[PDB]
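Below you'll find only one chain, the form deposited in one PDB entry, shown as structure tokens.
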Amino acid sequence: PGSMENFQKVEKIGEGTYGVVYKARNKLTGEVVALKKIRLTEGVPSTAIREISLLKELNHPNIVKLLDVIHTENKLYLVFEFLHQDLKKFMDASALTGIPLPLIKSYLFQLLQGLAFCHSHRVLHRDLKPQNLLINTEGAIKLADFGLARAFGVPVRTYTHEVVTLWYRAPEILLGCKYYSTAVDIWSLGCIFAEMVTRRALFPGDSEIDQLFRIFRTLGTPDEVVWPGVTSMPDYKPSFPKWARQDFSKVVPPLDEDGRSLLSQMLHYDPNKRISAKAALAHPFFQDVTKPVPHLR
């Protein structure tokens, strides 16, 4: 329904999976939007194809809303609802205060809602990280940047391997399993949950083995007991150092009993035992949950 003529560009915001995002306002309605601008020879990039067609299907208060696609022959423009900042930039600003527990709780809860909705609609996000989780001044957090997402089938088949930013990448991808699923998005969320509490990345590795070993040193090296099939996975090595699992109360010390229970389910090695977003919503961690406005900005 749109035309570039009604938007006033306001400032550049950044560069996500592809193209570029600017803050802009609609001159006629007043509405602040984010414009993603796509320069168009492979024609329309698979990322834009995926993002657009999947985002069209996903209309949910915890998924960023695609308002419109303005479709020139030179340029493709995605008009999104505007959100005020991302989770990473918010964690930095809470540097001294810390984020208050009820905000962590509300954001996780909301994130699990948005993920549950994606999984329910056969969509994998595959790039959950603080830079792609956007917050508004009313207390909403929302999943954004679906350029890496995809429509899966039941049961899944082999999909791209090079997937999820390293720090947030699940062990089954690190170990080269030919099948991965919804559980990969949960891993990411688990990591981010840890991160919202400590204000620092849980597994900040610099390479894939460094990533595994950091994961291994916290959750203990997995074996056939904890995770049947591991020792048969393509990139599994019998030479891996074998670390004892650490007590969770030391992984994320400020977390209470319910918090810890939740994170451990979110971080189970075996994708089949890893909690689902759907199931996670009913967890006793969330029993007193509310939706406070962000204590800052």
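Only the largest set of C-alpha atoms that superpose within 1.5 Å between the two forms is called the rigid core. Shifts are known only where both forms have a C-alpha. In this text, residue numbers run from 1 along the sequence as written.
We do not show the form deposited in another entry, though everything after this point is about it.
Enquirer: Using a core superposition, identify the member of 156, 209, 226, 201 whose Cα displacement between this form and the one not shown reaches 2 Å or more.
Expert: Spelled out, the residue whose C-alpha shifts by 2 Å or more is 156.
Enquirer: Relative to the form shown here, do the C-alpha atoms of residue 56 and residue 159 sit closer together or farther apart in the other form, given a change of 3 Å or more?
Expert: Here the pair is closer than in the other form; there, farther apart.
Enquirer: By 3 Å or more, the Cα spacing of residue 118 and residue 160 differs in the other form; is it closer or farther than in this view?
Expert: They are farther apart; the C-alpha distance rises by 3 Å or more in the other form.
Enquirer: At 2 Å or more of Cα shift, core superposed, where are the runs of at least three residues that differ between this form and the one not shown?
Expert: Three-plus residue run displaced between this form and the one not shown: 153-161, uniquely.
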